[PDB]
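Okay, structure first, notes after.
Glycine gets a Cβ as well: all are built from the backbone with ideal geometry, and neighbour counts include every protein chain shown. None of the figures in this text is laboratory data; all of them are computed from the coordinates on show.
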Amino acid sequence: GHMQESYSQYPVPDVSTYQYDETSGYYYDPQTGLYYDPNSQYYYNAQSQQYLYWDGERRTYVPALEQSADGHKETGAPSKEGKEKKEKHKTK
């Protein structure tokens, strides 16, 4: 291949370069302006109040608003846990 050079992306960060803000429990990500959470890899774009994620396959930020369409009934999609929509279906 010799076409589609594929441009317009982000750097390759490391959370080991972020700043922990113990006043609230987040990391702050000066390379972006985002906040990262250590337990929740969904970044917080404070600017617009968007929740994002780093997708290193696409080397860009994407929104993390909902996934795996079995909920779409909150911010997130809790419906993978196995209780999800309850037993439904009779008991047999």
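Data table
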quantity: Some residue of the range 70-78 being among the aliphatic types (A, V, I, L, M), assigned to a loop (DSSP other than H, G, I, E, B) and either in contact with a helix residue (DSSP H, G or I) (Cβ under 7 Å, 6 or more places away or on another chain) or over 17 Å from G33 (Cα atoms) (or both); calculated: yes
quantity: Residue among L52, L34, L65 that alone is touching a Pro at 6+ places or on another chain (Cβ under 7 Å), among the hydrophobic types (A, V, I, L, M, F, W, C) and more than 13 Å from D14 (Cα to Cα); calculated: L52
quantity: Residue within the range 17-33 that is within 14 Å of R59 (Cβ to Cβ) and in contact with a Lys or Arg (Cβ under 8 Å, 6 or more places away or on another chain) present; calculated: no
quantity: Residue identified as at positive phi and of a type outside the set (S, T, Y) among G56, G82; calculated: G82
quantity: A69 being surrounded by 10 or more Cβ atoms within 10 Å (Cβ to Cβ), of a type in the set (A, V, I, L, M, F, W, C) and on the phi < 0 side of the Ramachandran plot; calculated: no
quantity: Flag for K86 being more than 15 Å from the chain's Cα centre (by Cα), basic (K, R), farther than 17 Å from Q31 by Cα and surrounded by 11 or more Cβ atoms within 10 Å (Cβ to Cβ); calculated: no
quantity: Neighbours by Cβ (under 6 Å, 6+ apart or cross-chain): first from the range 1-26, more than 18 Å from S40 (Cβ to Cβ); second of a type outside the set (F, W, Y) and surrounded by 10 or more Cβ atoms within 10 Å (Cβ to Cβ); calculated: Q9/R59; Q9/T60; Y10/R59; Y10/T60
